[PDB]
Amino acid sequence: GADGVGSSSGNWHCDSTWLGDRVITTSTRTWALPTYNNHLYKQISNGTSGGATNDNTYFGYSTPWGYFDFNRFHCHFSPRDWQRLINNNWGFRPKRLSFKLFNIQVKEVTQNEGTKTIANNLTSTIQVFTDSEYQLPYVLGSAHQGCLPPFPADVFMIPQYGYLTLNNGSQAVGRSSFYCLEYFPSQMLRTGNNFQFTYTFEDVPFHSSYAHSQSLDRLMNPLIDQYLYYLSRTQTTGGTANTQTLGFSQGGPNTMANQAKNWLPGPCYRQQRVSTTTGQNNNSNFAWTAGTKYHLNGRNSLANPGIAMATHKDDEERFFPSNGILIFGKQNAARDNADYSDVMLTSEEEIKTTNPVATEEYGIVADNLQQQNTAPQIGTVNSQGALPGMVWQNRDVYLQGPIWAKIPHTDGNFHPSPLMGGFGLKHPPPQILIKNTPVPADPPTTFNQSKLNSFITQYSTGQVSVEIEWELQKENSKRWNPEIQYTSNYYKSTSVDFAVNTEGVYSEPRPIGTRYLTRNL
Amino acid sequence: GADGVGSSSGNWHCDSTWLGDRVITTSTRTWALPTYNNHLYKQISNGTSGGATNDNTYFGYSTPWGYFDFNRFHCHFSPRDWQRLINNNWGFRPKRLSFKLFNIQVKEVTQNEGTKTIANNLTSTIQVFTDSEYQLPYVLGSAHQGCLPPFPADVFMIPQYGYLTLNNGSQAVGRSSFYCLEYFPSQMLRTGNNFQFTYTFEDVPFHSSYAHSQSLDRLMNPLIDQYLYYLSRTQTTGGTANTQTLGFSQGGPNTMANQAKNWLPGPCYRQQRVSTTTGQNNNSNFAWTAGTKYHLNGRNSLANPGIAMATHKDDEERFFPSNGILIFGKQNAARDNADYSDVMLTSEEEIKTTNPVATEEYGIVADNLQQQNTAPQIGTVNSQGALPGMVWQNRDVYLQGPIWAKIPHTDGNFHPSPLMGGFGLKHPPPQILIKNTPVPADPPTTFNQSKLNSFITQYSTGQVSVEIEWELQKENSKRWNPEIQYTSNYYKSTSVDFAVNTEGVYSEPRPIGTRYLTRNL
Amino acid sequence: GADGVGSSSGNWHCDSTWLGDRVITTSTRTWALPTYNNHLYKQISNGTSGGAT
Amino acid sequence: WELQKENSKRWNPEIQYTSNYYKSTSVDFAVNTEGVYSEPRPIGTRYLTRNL
Amino acid sequence: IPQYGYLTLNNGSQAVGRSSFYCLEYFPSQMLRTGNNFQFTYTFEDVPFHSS
């Protein structure tokens, strides 16, 4: 109706509504936006001139702007809600979202000798816009820090926006592009204004959350023989001198490894195996050398995690592929050289049925061409691309994991599902940029052409709301016996899981996968 | 209105019209159609009975007919028009075409002793038809010579039509098929008639003409750390005796080779590397032996060019893959054993971002399974198929290159984009066949059953017009700094580029790629 | 609609639009205006009395 | 602004204005390490050609 | 924002009779506080295209 400094722009909303196949999750947080780079664009670079190896060189710019990132699940779901979701449902996909930004304060702080003081600046503004035409480097989806906090009572700091471009060493080539963010139409807000927009997701396949109750090779009937034959005997038996001969048999219950099958496991690109028990591992540093890397433009890049694979086979739980998994840190984990007990290892073991084990070969093929003179030889397939009749599962999404990623714009792609897990999108949710409008200090009395480098130390805070509507796929199954469910531990504990401790620090005990309920292949 | 020998059938058209997102290019040429094979079908063959190796054997027929081929770009675009196109636009695709054939003369030449004389034959006809049901071997798209000339003032000769069929050695098998082209309904034209038809392309994705301003591995934010971890340490350090241990770290600006990534480069099938500087290459003839070949039906076939890959990495310009590029000849180049200075080498270097370098491996994988007893081992991937989450770019189209190719009719295919570049089409533009109607010489006075082998030496000429409507994808980009453009050299020269020389010979100095403007991944 | 110290007067615009034979370029900048001459008009002059030619 | 479209039958390619393809320490028409914006060269308006 | 000043007829450092003096406060102007804005439009007269 009427906006001003005395009225409030918007109301707090955190809620989740469950109706039929829809669930609508809304959230609200409090943010604080500092001034970055003293309002300057800057060329940032790193090159082999220093100690940096040729692989880590980069060239790019760092903008004064800042951006909102809600791309992680736990922003939108309380652990309880996540439990309603993964226990009762096969799959889900987002439909549409809404975004609101309101109740803006802008404050200016000054330093006089040793005293610090902070006072409202009522006339200052902030600038906000969204890129809806995707005309900027899209920097979301790389799993950077700085999303909304999982716990609504936390106040968070908005990250700085920057991007990278083509480089040769530390230098730049001709195609290198430079973007000036002030060059887009944006909306300017004072303390009595608010900002909002809506967005509608394109059709996306449901994320399958479930494990297969069968395995790809066991689809057969155990009771009945096949009518097809296979080559079971190359040589006579029982004789003192055995000669080569041919004989055939029908696949049956006794030998099921020989039966014909319609389908093949998903592709395999091998990882190195590492044991959680230290003593069993080799004594050396093989992490970077023995890692599984892909080579692009004379630059070796570790492949992290890589394509979706089973972490380990039965009773192998102490083993995990080198880089082939997602690893989340526990609360108050060190940044570098953190101990094993400070991190949380995800496990893809649920997909063992459809996909091959990450640390083992795909299969065996014939190397040579046999003769009565020469013996047959076999060979091992470490890397296997796609073949007609392969089926595979994507990687599981976690409560801490990213929701979506932008499918790059290219001539062609193969199954465009982000490797880190999520929903691939041609047109992801537009990224939102925000900046404090610079306010100069006292200019000189005599004209000078040079730009003004002196400004008023300033920052702004406010509220942000995001609301996403999700579509659910109900679970319809005739299974007689009980399912596996996700459940909290019944035994006593010093402190409640997913709750604040004595000091008020919120923490998450373990990652939570999405696959519990079962289906038939 | 009224057609006859005195009226003209059609008017000359060469023009290009630029309206909005459409551009309509029309062209006209003068052709001459000789009599081939003395009006005879003939079995042609080659086999290992001679010096020919088993790989080059073939079996097929050569028809008296002849056909029109406009499949190359430079037929439809003047170099200037090609410059308007590639500088201002991201992509384009054809919409519909028109074809006209008119102003037909048919002349008969006789030899009397040493004198030669040529006179109009007013009553003779020619036969023309198009196969719109695709019931013939489709011979276009193999980049054969004989398309329309690039320069409108040239008169060209129509090529002869022939096709190949299944063979075993020089012989033919049972499935070998024989087609009689007189067995189709065709239209017969005298000097007062004209021929035309229209065609409408099926929906086809725009050809992407642009380079990526980013690279596939650099999509990350340089400023912010990831919240994921990786395995950075397998062993203690600083001690006199170091023991195996586990430690983890977060990917960050300093080490970007270790960060998790959502996508992978396109597939890789390696090529042998050759230096343009002769001295650096090995001394031997490895061209055929060390080439990259695919084996089909006991017959080795060189893979030319192969799938799209970057020609070379940074500052490698002197290197090119063996057969993995397109090579165009300069004007008046020799047919066989031409010198390096007589040919023009295309370069795919623009796609380095998305696709791997053609001459280097795809990556590294783990060969063995480590233990405290045994060291880990690594292995190299030379050939890599498709894996989920790969992105790639197609090969660039050139002003001299082919426009389209017919996607073979098969059960299944993978990304059906022709390797030589172009638009893959289920129903390409129908191919057009043309022949002089045979006119017998004086038959004997007494009946004889044998067919008449004596004919009047004869040929025909006329005009041909083709008009194609193209659809454009406008370039909308916020990049601040200037683009790279294609431009002619400012410095003085003996003769103008893309123009006739003193002797009247038209020539093209260099190939012209389509990728200049830039985009973000 | 209603202007005051809490509302913002206008929105940032920098854009260029290409339509047919028209192109429309808009721009926006931030300025700072000092007080000159202590709010005084002043006669300024220079002459050959000094070193000036 | 009002534009006058270029309608010309010239066969061979025009001269265009284009950025340098070769590598460089810093991008032209962009901020440097210190954040100072700079313009490398003046840019004239005459490239396309006409007949007298 | 630069300072506004202007020159007039002179003889040496002195001024002649035709020298004019303008008082800028003598024009109608619009006064704005922090809640106000200012705008106007303008239309160029017909001018020949700049030949590039």
Relative contact order (percent) for chain B, with alpha-carbon contacts under 8 angstrom and 6 or more residues of separation?
27 percent
Value of [θ]222 nm, deg cm²/dmol, for chain A, DSSP H segments ≥ 4, -39500 (n - 2.57) each, nearest 500:
-500 deg cm²/dmol
I need the phi-derived Karplus couplings for region B:476-482: 6.51 cos²θ - 1.76 cosθ + 1.60, θ = phi - 60°, integer Hz, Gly and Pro marked x.
10, 8, 9, 3, 7, 7, x
What's the average, rounded to a whole number, of partner chain beta-carbon atoms within 10 Å of each residue's beta-carbon in B:234-241?
3
Can you list the residues, at least 5 places off or on another chain, whose amide H is less than 5 Å from the amide H of B:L326, using H built in the peptide plane?
B:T346
Based on alpha-carbon centroids, what's the gap between region A:455-477 and region B:94-114 in Å, whole number please?
71 Å
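Using only the Cα atoms of chain E, build the gyration tensor, take square roots of its eigenvalues as a ≥ b ≥ c, and label the shape rounded, prolate or oblate: rounded if a/c is under 1.5, else prolate if a/b is larger than b/c, else oblate. Could you put the intermediate results ahead of the total?
Values: a/c = 2.70, a/b = 1.22, b/c = 2.21.
Taking the square roots of the gyration eigenvalues as a ≥ b ≥ c, chain E is oblate.
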Just going by the charge dipole of the protein assembly as shown, with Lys and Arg at +1 and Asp and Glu at -1 on Cβ, which of B:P34, A:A2, A:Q196 is farthest out on the positive end?
B:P34
Sequence neighbours fewer than 8 away in the same chain don't count; with that in mind, list the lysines whose C-alpha is under 20 Å from B:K435.
B:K42, B:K100, B:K107, B:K451
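Where the eigenvalues come from the Cα gyration tensor of region A:376-495, what are the semi-axes √(5λ) of the equivalent ellipsoid, largest first, in whole Å?
For region A:376-495, the semi-axes come out at 52, 29, 17 Å.
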3J(HN,Hα) from dihedral phi, region A:515-520, Karplus parametrisation 6.51/-1.76/1.60, rounded to Hz, x for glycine, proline
9, 10, 4, 10, 9, 8
In Å and from the alpha-carbon atoms only, list the Rg and Dmax of the protein assembly as shown.
37.3, 139
The answer for trypsin sites (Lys or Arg not before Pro) in chain D that fall in a DSSP coil and have at most 11 neighbouring Cβ atoms within 10 Å is D:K5, D:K9, D:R46, D:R50
Which distance in Å, rounded to a whole number, links the C-alpha centroids of region A:166-216 and region C:15-40?
30 Å
What share of Cα pairs, in percent, lie more than 35 angstrom apart in chain B?
50 percent
I'd like the mean, over residues of D:30-41, of how many other protein chain beta carbons sit within 10 Å of each residue's own Cβ.
4
Go through B:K261/B:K352; B:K330/B:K426; B:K330/D:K23; A:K261/A:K313; B:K352/B:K478; B:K492/D:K5 and tell me which ones have a Cα-Cα distance over 26 Å in this structure.
B:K330/B:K426; B:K330/D:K23; B:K492/D:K5
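Just flag the GluC sites (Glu not before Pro) in region D:1-30 sitting in loop per DSSP whose Cβ has no more than 14 other Cβ atoms within 10 Å.
Listed in order of number, the matching sites are D:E6.
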Does region B:459-521 classify as rounded, prolate or oblate by the C-alpha gyration tensor (a ≥ b ≥ c root eigenvalues; a/c under 1.5 gives rounded; else a/b over b/c gives prolate, otherwise oblate)?
oblate
Treating only the Cα positions of region A:339-406 as identical point scatterers, give the base-10 log of I(q)/I(0) from the Debye formula at each q in 0.12, 0.13, 0.16, 0.17 Å⁻¹.
-0.58, -0.64, -0.83, -0.89
Going fewest to most other Cβ atoms within 10 Å around each Cβ, A:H415, C:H13 line up as C:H13, A:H415
Calculate the tail of P(r) for region A:1-154: the fraction of all Cα-Cα distances greater than 25 Å, expressed in %.
54 percent
I need the phi-derived Karplus couplings for region B:328-345: 6.51 cos²θ - 1.76 cosθ + 1.60, θ = phi - 60°, integer Hz, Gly and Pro marked x.
9, x, 6, 4, 6, 7, 5, 6, 10, 6, 6, 6, 4, 6, 9, 10, 10, 9
Region B:458-521: GluC sites (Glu not before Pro) falling in loop per DSSP and having at most 14 other Cβ within 10 Å:
B:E503
Sort A:509-519, B:169-179 by packing, meaning the average of other beta carbons within 10 Å per residue, with the highest value first.
A:509-519, B:169-179
Amide H contacts of B:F423 (H built 1.01 Å from N, under 5 Å, at least 5 apart or other chain):
B:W404, B:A405
Placing +1 at every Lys and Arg Cβ and -1 at every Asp and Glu Cβ, with all other atoms neutral, what dipole size does the protein assembly as shown have around its Cα centre, in debye to the nearest 20?
340 debye
As a percent rounded to 5, the proportion of antiparallel DSSP bridges among beta bridges in chain A is 90 percent
Give me, ordered by chain and number, the residues 5 or more places off B:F197 or on other chains with an amide H under 5 Å from its own placed amide H.
B:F99
Once the dipole of chain A is set up with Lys and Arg at +1 and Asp and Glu at -1 on Cβ about the Cα centre, which of A:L302, A:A338, A:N501 lies farthest towards its positive end?
A:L302
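Every number in this text was worked out from the coordinates using simple rules, so none of it is lab data. Here Cβ is always computed from backbone atoms with ideal geometry, including for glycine, and neighbour counts include all displayed protein chains.
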